[PDB]
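What follows is the content of input_1.pdb (PDB, C-alpha atoms (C1' of nucleotides)).
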ATOM      1  CA  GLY A  11     147.250 128.065-165.249  1.00  0.00           C
ATOM      2  CA  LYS A  12     149.685 125.891-167.286  1.00  0.00           C
ATOM      3  CA  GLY A  13     150.094 124.210-170.887  1.00  0.00           C
ATOM      4  CA  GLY A  14     150.883 121.040-168.761  1.00  0.00           C
ATOM      5  CA  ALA A  15     151.186 118.686-171.794  1.00  0.00           C
ATOM      6  CA  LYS A  16     147.411 119.241-172.208  1.00  0.00           C
ATOM      7  CA  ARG A  17     145.658 116.868-174.681  1.00  0.00           C
ATOM      8  CA  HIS A  18     141.924 117.394-175.506  1.00  0.00           C
ATOM      9  CA  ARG A  19     139.710 114.419-176.676  1.00  0.00           C
ATOM     10  CA  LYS A  20     135.817 114.566-176.139  1.00  0.00           C
ATOM     11  CA  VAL A  21     133.013 112.475-177.648  1.00  0.00           C
ATOM     12  CA  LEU A  22     130.429 113.786-180.191  1.00  0.00           C
ATOM     13  CA  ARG A  23     129.478 111.094-182.757  1.00  0.00           C
ATOM     14  CA  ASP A  24     127.330 108.694-180.603  1.00  0.00           C
ATOM     15  CA  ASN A  25     126.708 110.671-177.560  1.00  0.00           C
ATOM     16  CA  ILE A  26     123.662 112.921-177.797  1.00  0.00           C
ATOM     17  CA  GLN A  27     125.717 116.257-177.598  1.00  0.00           C
ATOM     18  CA  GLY A  28     127.482 115.220-180.835  1.00  0.00           C
ATOM     19  CA  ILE A  29     124.382 114.612-182.957  1.00  0.00           C
ATOM     20  CA  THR A  30     123.092 117.622-184.978  1.00  0.00           C
ATOM     21  CA  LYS A  31     120.180 119.787-183.774  1.00  0.00           C
ATOM     22  CA  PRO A  32     119.117 120.890-187.303  1.00  0.00           C
ATOM     23  CA  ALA A  33     118.996 117.124-187.995  1.00  0.00           C
ATOM     24  CA  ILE A  34     115.844 117.240-185.793  1.00  0.00           C
ATOM     25  CA  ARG A  35     114.289 120.449-187.118  1.00  0.00           C
ATOM     26  CA  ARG A  36     114.850 118.894-190.559  1.00  0.00           C
ATOM     27  CA  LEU A  37     112.515 116.270-189.125  1.00  0.00           C
ATOM     28  CA  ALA A  38     110.088 118.700-187.520  1.00  0.00           C
ATOM     29  CA  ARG A  39     109.021 120.601-190.618  1.00  0.00           C
ATOM     30  CA  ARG A  40     108.308 117.339-192.677  1.00  0.00           C
ATOM     31  CA  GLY A  41     105.431 117.450-190.226  1.00  0.00           C
ATOM     32  CA  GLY A  42     105.072 120.984-190.969  1.00  0.00           C
ATOM     33  CA  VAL A  43     104.661 122.781-187.742  1.00  0.00           C
ATOM     34  CA  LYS A  44     105.575 126.484-187.890  1.00  0.00           C
ATOM     35  CA  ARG A  45     107.407 126.741-184.531  1.00  0.00           C
ATOM     36  CA  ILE A  46     109.998 124.676-182.464  1.00  0.00           C
ATOM     37  CA  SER A  47     110.356 125.224-178.667  1.00  0.00           C
ATOM     38  CA  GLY A  48     113.846 124.804-177.196  1.00  0.00           C
ATOM     39  CA  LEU A  49     112.468 122.676-174.360  1.00  0.00           C
ATOM     40  CA  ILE A  50     110.557 120.387-176.688  1.00  0.00           C
ATOM     41  CA  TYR A  51     113.251 118.988-178.997  1.00  0.00           C
TER      42      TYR A  51
ATOM     43  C1'  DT B   1      16.381 127.512 -83.488  1.00  0.00           C
ATOM     44  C1'  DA B   2      21.176 128.914 -84.164  1.00  0.00           C
ATOM     45  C1'  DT B   3      26.117 128.029 -82.557  1.00  0.00           C
ATOM     46  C1'  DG B   4      29.862 125.712 -80.859  1.00  0.00           C
ATOM     47  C1'  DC B   5      31.147 120.849 -79.283  1.00  0.00           C
ATOM     48  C1'  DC B   6      31.499 114.829 -79.507  1.00  0.00           C
ATOM     49  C1'  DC B   7      31.661 110.564 -83.041  1.00  0.00           C
ATOM     50  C1'  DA B   8      32.262 108.450 -87.796  1.00  0.00           C
ATOM     51  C1'  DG B   9      33.929 108.861 -93.044  1.00  0.00           C
ATOM     52  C1'  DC B  10      36.393 108.763 -97.716  1.00  0.00           C
ATOM     53  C1'  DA B  11      40.314 111.011-100.081  1.00  0.00           C
ATOM     54  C1'  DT B  12      44.459 113.804 -99.614  1.00  0.00           C
ATOM     55  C1'  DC B  13      49.891 112.824 -99.123  1.00  0.00           C
ATOM     56  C1'  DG B  14      53.641 109.876 -98.247  1.00  0.00           C
ATOM     57  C1'  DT B  15      56.240 105.244 -97.387  1.00  0.00           C
ATOM     58  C1'  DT B  16      56.994  99.467 -97.429  1.00  0.00           C
ATOM     59  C1'  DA B  17      56.564  95.188 -99.241  1.00  0.00           C
ATOM     60  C1'  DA B  18      55.005  91.388-102.558  1.00  0.00           C
ATOM     61  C1'  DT B  19      54.255  90.406-107.570  1.00  0.00           C
ATOM     62  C1'  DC B  20      54.022  90.176-112.979  1.00  0.00           C
ATOM     63  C1'  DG B  21      56.876  91.419-116.396  1.00  0.00           C
ATOM     64  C1'  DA B  22      60.805  93.429-119.150  1.00  0.00           C
ATOM     65  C1'  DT B  23      66.043  93.571-119.759  1.00  0.00           C
ATOM     66  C1'  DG B  24      70.783  91.720-119.451  1.00  0.00           C
ATOM     67  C1'  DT B  25      73.713  87.496-119.128  1.00  0.00           C
ATOM     68  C1'  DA B  26      75.346  82.869-119.216  1.00  0.00           C
ATOM     69  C1'  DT B  27      75.121  77.535-120.505  1.00  0.00           C
ATOM     70  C1'  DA B  28      74.605  73.165-122.478  1.00  0.00           C
ATOM     71  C1'  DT B  29      71.566  71.491-126.911  1.00  0.00           C
ATOM     72  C1'  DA B  30      69.162  70.997-131.405  1.00  0.00           C
ATOM     73  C1'  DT B  31      69.232  72.954-136.396  1.00  0.00           C
ATOM     74  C1'  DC B  32      71.663  75.209-140.983  1.00  0.00           C
ATOM     75  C1'  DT B  33      75.012  75.420-144.722  1.00  0.00           C
ATOM     76  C1'  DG B  34      79.165  74.662-146.487  1.00  0.00           C
ATOM     77  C1'  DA B  35      81.776  72.116-147.048  1.00  0.00           C
ATOM     78  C1'  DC B  36      86.995  69.242-147.880  1.00  0.00           C
ATOM     79  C1'  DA B  37      88.607  64.280-147.388  1.00  0.00           C
ATOM     80  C1'  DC B  38      87.420  59.293-148.711  1.00  0.00           C
ATOM     81  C1'  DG B  39      85.531  55.577-151.268  1.00  0.00           C
ATOM     82  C1'  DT B  40      82.321  54.397-154.683  1.00  0.00           C
ATOM     83  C1'  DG B  41      82.416  53.534-159.963  1.00  0.00           C
ATOM     84  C1'  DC B  42      84.494  54.070-164.614  1.00  0.00           C
ATOM     85  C1'  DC B  43      87.743  56.465-169.032  1.00  0.00           C
ATOM     86  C1'  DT B  44      91.691  56.623-170.768  1.00  0.00           C
ATOM     87  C1'  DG B  45      94.295  60.515-171.300  1.00  0.00           C
ATOM     88  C1'  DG B  46      98.752  59.942-169.383  1.00  0.00           C
ATOM     89  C1'  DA B  47     102.679  56.838-167.975  1.00  0.00           C
ATOM     90  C1'  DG B  48     105.634  53.152-169.062  1.00  0.00           C
ATOM     91  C1'  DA B  49     108.503  50.567-172.256  1.00  0.00           C
ATOM     92  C1'  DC B  50     110.817  49.723-176.854  1.00  0.00           C
ATOM     93  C1'  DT B  51     112.056  50.925-181.576  1.00  0.00           C
ATOM     94  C1'  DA B  52     113.516  53.466-185.713  1.00  0.00           C
ATOM     95  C1'  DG B  53     114.799  57.110-187.923  1.00  0.00           C
ATOM     96  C1'  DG B  54     116.046  61.559-189.114  1.00  0.00           C
ATOM     97  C1'  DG B  55     117.077  66.043-186.853  1.00  0.00           C
ATOM     98  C1'  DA B  56     120.399  68.299-184.770  1.00  0.00           C
ATOM     99  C1'  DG B  57     125.233  68.255-182.665  1.00  0.00           C
ATOM    100  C1'  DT B  58     129.813  68.927-183.981  1.00  0.00           C
ATOM    101  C1'  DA B  59     133.644  69.272-186.417  1.00  0.00           C
ATOM    102  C1'  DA B  60     136.454  71.127-190.633  1.00  0.00           C
ATOM    103  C1'  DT B  61     136.833  74.287-194.454  1.00  0.00           C
ATOM    104  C1'  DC B  62     135.729  78.664-196.994  1.00  0.00           C
ATOM    105  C1'  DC B  63     135.181  83.276-198.381  1.00  0.00           C
ATOM    106  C1'  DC B  64     132.229  86.867-198.041  1.00  0.00           C
ATOM    107  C1'  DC B  65     131.031  90.801-195.347  1.00  0.00           C
ATOM    108  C1'  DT B  66     131.786  93.784-191.935  1.00  0.00           C
ATOM    109  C1'  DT B  67     134.916  97.042-189.781  1.00  0.00           C
ATOM    110  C1'  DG B  68     139.000 100.254-190.250  1.00  0.00           C
ATOM    111  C1'  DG B  69     142.201 103.462-191.509  1.00  0.00           C
ATOM    112  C1'  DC B  70     142.813 107.383-194.069  1.00  0.00           C
ATOM    113  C1'  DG B  71     142.177 112.185-196.135  1.00  0.00           C
ATOM    114  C1'  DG B  72     139.129 116.526-199.592  1.00  0.00           C
ATOM    115  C1'  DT B  73     135.902 118.467-200.751  1.00  0.00           C
ATOM    116  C1'  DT B  74     131.940 120.583-199.551  1.00  0.00           C
ATOM    117  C1'  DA B  75     127.429 120.509-197.410  1.00  0.00           C
ATOM    118  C1'  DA B  76     125.907 120.647-193.046  1.00  0.00           C
ATOM    119  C1'  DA B  77     125.660 121.823-188.180  1.00  0.00           C
ATOM    120  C1'  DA B  78     126.368 125.738-185.198  1.00  0.00           C
ATOM    121  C1'  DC B  79     125.733 130.829-183.741  1.00  0.00           C
ATOM    122  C1'  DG B  80     124.390 134.491-183.185  1.00  0.00           C
ATOM    123  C1'  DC B  81     121.173 138.772-183.884  1.00  0.00           C
ATOM    124  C1'  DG B  82     116.841 140.720-184.287  1.00  0.00           C
ATOM    125  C1'  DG B  83     112.327 141.359-184.202  1.00  0.00           C
ATOM    126  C1'  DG B  84     107.850 139.769-185.094  1.00  0.00           C
ATOM    127  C1'  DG B  85     103.645 136.847-183.687  1.00  0.00           C
ATOM    128  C1'  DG B  86     102.158 133.352-181.233  1.00  0.00           C
ATOM    129  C1'  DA B  87     101.787 131.658-176.232  1.00  0.00           C
ATOM    130  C1'  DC B  88      99.718 132.549-172.130  1.00  0.00           C
ATOM    131  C1'  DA B  89      97.205 135.025-168.625  1.00  0.00           C
TER     132       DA B  89
END

Whole structure given in structure tokens:
Amino acid sequence: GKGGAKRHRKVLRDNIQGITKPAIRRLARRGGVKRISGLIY
DNA sequence: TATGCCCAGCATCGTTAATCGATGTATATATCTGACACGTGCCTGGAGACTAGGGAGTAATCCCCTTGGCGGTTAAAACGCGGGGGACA
């Protein structure tokens, strides 16, 4: 349970976590559906 | 004359043996078809050989384009909350 010279570096440009979820919904409505499931996207 | 007694007489039942015919099983032979390999014959579409030429290889230079680093705002992604209306039975 220590500071231990901790350095934090994780990867969120390329990797799919990093990309933006609204970026998708932005996409979803152009099609014009009313609803987005969590599972689906 | 009628009623019990002697002497044949074919069909009743069963059992033995020979015979025509059906069923099962080899066993070497005469068709049936379907070939794949060979030689028959011929064509030339490939092989073989040579040339000539221009594509593509490489090498030597250039300079443009792509990646990088950085920092400021400023929108966007992210989160959550809440409740309605669509999914699903």

Separation of CA of residue 41 (chain A) from CA of residue 27 (chain A), in Å and rounded to one decimal: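 Straight-line distance from CA of residue 41 (chain A) to CA of residue 27 (chain A) works out to 23.9 Å.
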
Apply the PyMOL selection byres ((chain A) within 10 of (chain B)) to the displayed file and report the matching residues as a list in words.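 Those residues are residues 29, 30, 31, 32, 33 and 45 of chain A.
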
Distance in Å - CA of residue 35 (chain A) versus CA of residue 49 (chain A): 13.1 Å

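Take CA of residue 37 (chain A) and CA of residue 51 (chain A): the distance between them is 10.5 Å.
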
I'd like the box whose edges run along x, y and z of the file and which contains every listed atom of region 68-76 of chain B, padded by 5 Å per side; could you state its centre and edge lengths in Å, one decimal, as lines of an AutoDock Vina configuration file?
center_x = 134.4
center_y = 110.5
center_z = -195.5
size_x = 26.9
size_y = 30.4
size_z = 20.5
